[PDB]
6 protein chains.
Amino acid sequence: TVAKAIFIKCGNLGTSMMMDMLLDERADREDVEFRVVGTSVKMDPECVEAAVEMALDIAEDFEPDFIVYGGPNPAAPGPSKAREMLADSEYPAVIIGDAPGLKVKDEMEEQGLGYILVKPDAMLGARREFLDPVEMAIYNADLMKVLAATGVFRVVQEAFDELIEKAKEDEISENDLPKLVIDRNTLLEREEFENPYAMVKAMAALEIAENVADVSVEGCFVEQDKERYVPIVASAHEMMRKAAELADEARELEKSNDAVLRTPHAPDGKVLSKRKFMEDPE
Amino acid sequence: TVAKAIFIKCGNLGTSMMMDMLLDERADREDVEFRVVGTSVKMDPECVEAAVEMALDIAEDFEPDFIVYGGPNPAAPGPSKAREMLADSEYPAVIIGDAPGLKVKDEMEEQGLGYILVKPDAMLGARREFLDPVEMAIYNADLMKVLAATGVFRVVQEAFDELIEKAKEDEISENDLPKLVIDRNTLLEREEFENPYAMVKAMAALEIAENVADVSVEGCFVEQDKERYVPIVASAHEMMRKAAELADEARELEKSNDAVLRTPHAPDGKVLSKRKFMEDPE
Amino acid sequence: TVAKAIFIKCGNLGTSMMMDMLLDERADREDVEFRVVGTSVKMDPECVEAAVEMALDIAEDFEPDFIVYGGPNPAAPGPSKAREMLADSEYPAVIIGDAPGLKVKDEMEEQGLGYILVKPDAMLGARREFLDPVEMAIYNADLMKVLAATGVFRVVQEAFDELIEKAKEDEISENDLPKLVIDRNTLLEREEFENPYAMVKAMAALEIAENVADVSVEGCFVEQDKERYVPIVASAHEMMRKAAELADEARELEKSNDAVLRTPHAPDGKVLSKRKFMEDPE
Amino acid sequence: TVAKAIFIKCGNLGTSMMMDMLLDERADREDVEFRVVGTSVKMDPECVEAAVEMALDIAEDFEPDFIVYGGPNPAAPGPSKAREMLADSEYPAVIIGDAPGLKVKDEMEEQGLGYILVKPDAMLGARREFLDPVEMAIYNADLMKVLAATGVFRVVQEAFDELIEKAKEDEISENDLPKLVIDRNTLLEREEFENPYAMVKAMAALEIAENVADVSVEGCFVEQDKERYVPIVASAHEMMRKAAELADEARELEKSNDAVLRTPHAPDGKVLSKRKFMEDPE
Amino acid sequence: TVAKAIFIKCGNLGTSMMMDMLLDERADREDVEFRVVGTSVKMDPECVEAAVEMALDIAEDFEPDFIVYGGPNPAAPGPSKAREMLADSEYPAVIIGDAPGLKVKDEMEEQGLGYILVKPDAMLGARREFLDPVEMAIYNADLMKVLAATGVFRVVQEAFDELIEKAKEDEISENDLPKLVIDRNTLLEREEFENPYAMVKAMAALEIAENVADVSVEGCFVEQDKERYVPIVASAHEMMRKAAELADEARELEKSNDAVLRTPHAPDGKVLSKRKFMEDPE
Amino acid sequence: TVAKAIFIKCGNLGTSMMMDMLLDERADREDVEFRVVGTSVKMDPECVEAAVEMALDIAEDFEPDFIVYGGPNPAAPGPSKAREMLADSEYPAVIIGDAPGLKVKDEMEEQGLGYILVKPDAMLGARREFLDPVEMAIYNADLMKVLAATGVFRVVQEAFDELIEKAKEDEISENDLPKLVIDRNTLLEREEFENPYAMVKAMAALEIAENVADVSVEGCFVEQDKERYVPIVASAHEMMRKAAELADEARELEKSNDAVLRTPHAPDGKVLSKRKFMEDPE
Ligand SMILES: [Mg+2]
Ligand SMILES: [Mg+2]
Ligand SMILES: [Mg+2]
Ligand SMILES: [Mg+2]
């Protein structure tokens, strides 16, 4: 049984940027096939629709078990446009978004949509005077580390793999669709870190990443004084740089304990596990 | 006028992952329109062909000024195939790959297509016993930081931006296509850094990332002993982690001098520029 | 003219812990005389009452031109007790506290009191499981580095030094009493740092120290599960240690420029100033 | 039952600034009660006298089991005075000071009072050109982090906690008064660290802390050349800054082995203990 | 018995600098006696010969069991002259060198000479515009840190100690002379690190150090543009500096596990061993 | 004219390890010619005498303009024999040593000997239980870093460079030989650092390095308790490691200001100078 899916990427979110590859890390998974379509960073209602179109168009011949839409803020005009377009289609779907999507959480639970909401996947301080192309990449590097090293990506990966198994049953009922809200507190009900302090550091790191969103919003929308909003959006980035460093420190702690949890995929798509470095993943 | 292009992403590369977004960081560039399609990590000749087919098929009603294919090693089966196809299209193309693509560098200039080969966009330690989803994201986060902070991404940004202008002139000839190879010494032609040690550190960070590739290749393809190849690929990731630190340290030196070079796009697509934090992009 | 004041300290805060010393760092000011009194970490309406009485008690003979009450949460049973005792007395008072005092901010202005609220002065995760004397001290160590190196203490110092000038006018009216609410944005209005990146790292530090409260409260007053609130009060700590790191960084950046602002008191209470290490303060 | 003590503080010391708070970290010990009074930084024999009388004056209604005087150089004019007074009172006393108080170490056990001499509690570089309120605070944050994380505070905690138990016994004899001198070698008699290197890093931290004293004393009392003494006291601060990094490092090693010793006070005053994070204080 | 050897040092190499010392670390061995001669940094033919001549002159009365010649590039004129002179004597000789010695590896074997070529012992950026004494000393401090903490020096000590035993029996055949080529992979099969991440970080450090070689060579012998080769050689030095931090990071992991291997010499020369800090060597 | 000198190395000191090499950092000086002899780490009278006799035997035909003897404790039996032997010869001699050489400063002057005593060149923790070959090399790596990056080596280079010029004129009188004692305050009067904080961090580094000496002596010649001296000598090393980092932070402060001092030799021996990276030495 070969499962299939289509990821639609509109806008830019750390979780959307990795979501699919967290599933096929070495491109050796022979139990799955993906198609990814998007219009880049543009998430306007015009483009957002053009993408879902390419998605439905392709799905015709492709025939996926489900379609994932990932992008920032599921409550915006663009994402909302696609949020509805997918509920109308014949394909089961999941919505990957940030905290700004809790506003439409109940709405998505009714639209019959599945979703994964990453609170710590904060919006970057986009203010021409500050966020140029390089700064953008830099910010996403740090956010990527935080989400990766804290275990958030493993939580996402396990969600999309637990669904691909149900997809193999060609029966993805709305009860089989994910409905997650990831945040610092998530780690409290997991076993990601063998080292306790490595866990509270990952937690402290997630709280900070979440706090970056408010700072970015204030500086991008509320504040309009150039002499005050440029410093604000930049202070948001300095915070994420520390969030990442906190995440890196946690990992190193696992390393010292030789307990870095690794869970790769076998060619058959089975999720294997290991703690010790020289221990085979079984 | 407005320029258009389509990005195809098969397999993953640090540049391939950010290429499109590096041309519209805040998504408020009204003089460009992008589309992105691919098969994720998979890059075998079948998924590749199916992908290039997805791009050509949509290039019909999209009518792109140029098609961009990004992914690891433009000399392997999958990538070579995609070079064959796009080479024989009414659409001008550009190939984005790493160092292993220097083998087919002449064959490409022949196929009448442009290329951007980033030497420091190393191959990761893809070995089931070491690379799981999380570790795969941890690495890309280090590579992203080194590629961005060392100014490599600025090189690529400039590239596709200068092409977008000649594309608005409805004059995309092969003399206008890029034939670039990026490595540690690219920074010597640049003015990226104002502090001499920030550049020297960046050069160091690039040299190290470029070296990472030989280590990943060895562990994945040459060493056959489990006890030896797992430590080797892991050490390749330890090198990339330090390259990122060096890059970050280069960035902080620039902050120290208040000379952080920023080149954001104006709403019309023209690349502005500034050094001082509160300088206002001119 | 020798101004005099009495500091009443109940419970603990980083701002109350160093408030009087920021006014005579080397004990060489011959224009001031302070009398500090407190009941230690206990701030119940019972102890708090005994302290204010002990303060008004000696005040008669001392003759302070103003009295300062410092301790956490101005809207608490103890603090509110002392908050009315001072409004009733014939001594001009100023209330120094954390964010929880904002609920009674407008209430203090009618009581005729002055106030300075240090938002980043967050309450620690005081759970018997995690917080012991050593952990408490470590916490305040980081918190101190934050309030100091971020420039917050130079705000408190400035506020009381200006009040000490009015106290010399033998005229401290309600309009001469401070009414400040310190937070991350407070730096946007000052010229503390010569380096713009030092300030944004400072903002980031005060932004994270302020968030620390939310976590401390969630783990001390909301969460009841032992397996959860311990990791919670401990994660709040990591946040503070990392915030102290960013403060340190900002301070080091000003050092690489030798633009480290220093403002010492002359023996006559005159506040001098200097940026360069080798320049004498004027 | 409940024990009571009064803490007198003139001038500042890292140990005096924390002593009473190291006894009731969470303010939930209902088996003790303390009063705190002082003159702040000032510590001349007059300000000292006034403060000691401010403490004797309230010991009447307070009726303390023992009085404690905290401040630098217990052999100088100010402190010598306070030794006189408290020595001849119906209240048992304890003197907490630094290394310069080893001169009067004989005279103290003579005056019939207990002492706590912290050699690593070095004097800071007091020179108007270098030390402003902030530098003053920053220095204490470093000395606070060293004394706490190196386990020195644990020594003082237990010292006053053990005295507090004999005080509830209605029997505070002079053979029950403490006679201790804390130094790098004090850690050789404890079991503070489960990781030997953390111990060795802790010793190094305090060894460097002790030496900070001579650099300070020199630049303040010996060198009279501006161009030489400013850099000298500054170097004492730089040294202490590094000692704080060493102490932090010791702490982290223990976090890697999850052996962080924690000894909180039970609500009834009896000190508990633990090593593992989720262990629950026994 | 007492073994006797003569070490000739011409030119400078991290390993030739420490070689003899690594064998009698505390100068309390009773089974060895060494003589060291050389011409400092100069390794031209005239000098090398003068140096080897000094050695052979001392050898007459000193009667060395074996002779060691160490210094850069065993294939250069000066070194080659040394190989010819020592291969022509009655004394068993070992050549200590860098990667460039591989060119004459076959030639040294035909000469009955032993050798230990350390590839990570990279040449420095010897350009007059960049390399002054201080920098030359800083580079070597980092290279020394690398060669030691990664375990490369233990390999060298071992090779020699074994040759010292054979010498004690007056049984040193050409087949008893070492023929080693040390590099990153050499660590894969040692019992150096108890922590795997320490080993991995040590390999990463050796890989980088080895790479420094090419960069220095490029900026010293290839690039002729002042504006190009200066930043180039300097970047080589930034690399070594980071290799040293990796080496230190590996050493700090062992400490966290209290598994720092220590193989000290007994007064009788026997090589003891230990792992735990408090564990006595045996 | 070519200047000739012979360096004798008995025992090991950071300065005696690098002294001759600091005088010809790239091996391209045409005005100097050196011969280096020694008995490695052994500095007992028998060895030191053989070392000096080797030197005097060479001097016959080599005819040095001056001779330098380097190694620990000029006052010990071995070094004392060297002093006596050298004082009785016709060759102007200099004695390089550490703090212990101060005991015989008066003797050396009465002997017509020159000397350079580096107090920060501290003795290591030479206890069999803690110091093996690798730890001995790690300590030296840090010591070298401290002495080079703080500029102590520059003072040494200077002293010998001036002595070399006089030698070229065959005019080296006893009054021409150096009589230096280097320590933290030596830096106060040098044009080493452009950044004041760089100089202050360096002083701190030298202060601590000096302190290391006392700690090593304590654990080596005082404490006889295995359980106590082992931790103590190890703490000495931890101190030197931190001193190396201070020295490293200073150097990085200079880089930030692109003000790193480089005083390389010209092919003719002239000591050039420069500050800016791209500036040419002159
Ligand atoms: Mg032979
Ligand atoms: Mg032969
Ligand atoms: Mg003479
Ligand atoms: Mg004489």
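All heavy atoms count here, side chains included; hydrogens, waters and symmetry mates do not. Proteins get letters first, then strands, A, B, ... in listed order; numbering begins at 1 in each.
From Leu124(C), atom CG reaches atom SG of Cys220(C) across 8.0 Å, with rounding to the nearest 0.5 Å. The structure places CZ of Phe34(C) at 4.0 Å from CD1 of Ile164(C), a figure rounded to the nearest 0.5 Å. Taking CD of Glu249(D) as the reference point, atom CZ of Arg251(D) lies at 14.0 Å (rounded to 0.5 Å). Remark: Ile232(D) CD1 to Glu223(D) CD distance equals 4.5 Å, nearest 0.5 Å.
Heavy-atom distances place no part of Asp44(C) under 4.5 Å from chain D, backbone and side chain included. With a threshold of 4.5 angstrom between heavy atoms, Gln157(C) approaches chain D through side-chain atoms but not through N, CA, C or O. Contact of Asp24(D) with chain C is made through backbone and side chain together, with heavy-atom distances under 4.5 Å. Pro264(D) touches chain C through backbone and side chain together, each having a heavy atom under 4.5 Å away. With a 4.5 Å cut-off on non-hydrogen atoms, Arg241(C) touches chain D through its side chain but not through its backbone. Contacts between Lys42(D) and chain C at a heavy-atom distance below 4.5 Å involve backbone atoms as well as side-chain atoms. With a 4.5 Å cut-off on non-hydrogen atoms, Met278(C) touches chain D through its side chain but not through its backbone. If you measure heavy-atom distances from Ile6(C) to chain D, you find no contacts under 4.5 Å at all. In this structure, no portion of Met43(C) lies under 4.5 Å from any heavy atom of chain D. Contacts of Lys145(C) with chain D are made by both backbone and side-chain atoms, with heavy-atom separations under 4.5 Å. Neither the backbone nor the side chain of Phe7(C) comes within contact range of chain D; no heavy atoms are under 4.5 Å apart. In this structure, chain D has no heavy atom under 4.5 Å from any part of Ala244(C). Both the backbone and the side chain of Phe277(D) come within contact range of chain C, with heavy atoms under 4.5 Å apart. Residue contact with chain D, scored on non-hydrogen atoms closer than 4.5 Å, involves the side chain of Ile58(C) exclusively. Residue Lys4(C) does not touch chain D at all, counting heavy-atom pairs closer than 4.5 Å. Both the backbone and the side chain of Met144(C) come within contact range of chain D, with heavy atoms under 4.5 Å apart.
In this structure, the side chains of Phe160(D) and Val32(D) stay at 4.5 Å or more apart for every pair of heavy atoms. The closest side-chain heavy-atom distance from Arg128(D) to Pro267(C) is below 4.5 Å. When side chains are defined from C-beta on, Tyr69(D) counts as touching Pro79(D), because their heavy atoms get closer than 4.5 Å. Considering only heavy atoms from C-beta on, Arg154(D) comes within 4.5 Å of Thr263(D) through its side chain.
For the pair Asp61(C) and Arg35(C), the salt-bridge criterion is not met [side-chain N within less than 4.0 Å of a carboxylate O]. With salt bridges taken as basic N to acidic carboxylate O contacts below 4.0 Å, one links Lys255(C) and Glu238(D).
Checking side-chain atoms of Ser216(C) against main-chain N and O of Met123(C) turns up a donor-acceptor pair under 3.5 Å. In this structure, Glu254(D) contributes its side chain and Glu194(D) its backbone to a donor-acceptor pair below 3.5 Å. No donor-acceptor distance shorter than 3.5 angstrom exists from the side chain of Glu162(D) to the backbone of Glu158(D), with no hydrogens or angles considered. In this structure, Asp20(C) contributes its side chain and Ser40(D) its backbone to no donor-acceptor pair below 3.5 Å. At distances below 3.5 Å, at least one donor-acceptor pair connects side-chain atoms of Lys276(D) with backbone N or O atoms of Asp258(D). Panel note: side chain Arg127(D), backbone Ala234(D); no donor-acceptor pair is recorded below 3.5 Å.
Of all the listed residues (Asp248(C), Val271(C), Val260(C)), the one sharing the greatest number of non-hydrogen pairs under 4.5 Å with chain D is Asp248(C). Ranked by heavy-atom pairs under 4.5 Å with chain C, the first of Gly151(D), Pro281(D), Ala141(D), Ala126(D) is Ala141(D). Between chain C and the options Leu143(D), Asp28(D), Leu272(D), heavy-atom pairs under 4.5 Å are most frequent for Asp28(D). Per-residue heavy-atom pair counts under 4.5 Å with chain C were compared for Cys47(D), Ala149(D), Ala27(D), and the maximum is reached by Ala27(D). Chain D forms the most heavy-atom pairs under 4.5 Å with one residue out of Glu252(C), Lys274(C), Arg29(C), and that residue is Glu252(C). Between chain D and the options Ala50(C), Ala247(C), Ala51(C), heavy-atom pairs under 4.5 Å are most frequent for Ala50(C). With chain C as partner, the option from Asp142(D), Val152(D), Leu131(D), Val230(D) having the largest number of non-hydrogen pairs under 4.5 angstrom is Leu131(D). When each of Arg26(D), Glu129(D), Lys226(D), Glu227(D) is checked for heavy-atom pairs under 4.5 Å with chain C, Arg26(D) comes out on top. Annotation: maximal heavy-atom pairing with chain C below 4.5 Å, among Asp57(D), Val41(D), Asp132(D), occurs at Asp132(D).
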TODO: Starting from the C-alpha separation in whole Å, work towards a yes-or-no answer on side-chain hydrogen bond (donor to acceptor under 3.5 Å, both in side chains) for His265(C) and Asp31(C).
DONE: CA-CA 10 Å; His265(C) 299 113; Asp31(C) 59 312; over 6 Å; no
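At a heavy-atom separation below 4.5 angstrom, chain C is approached by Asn12(D), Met17(D) within residues 8-17 of chain D.
Relative orientation of the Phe130(D) and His237(D) rings is perpendicular, given thresholds of 30° and 60° on the angle between their planes.
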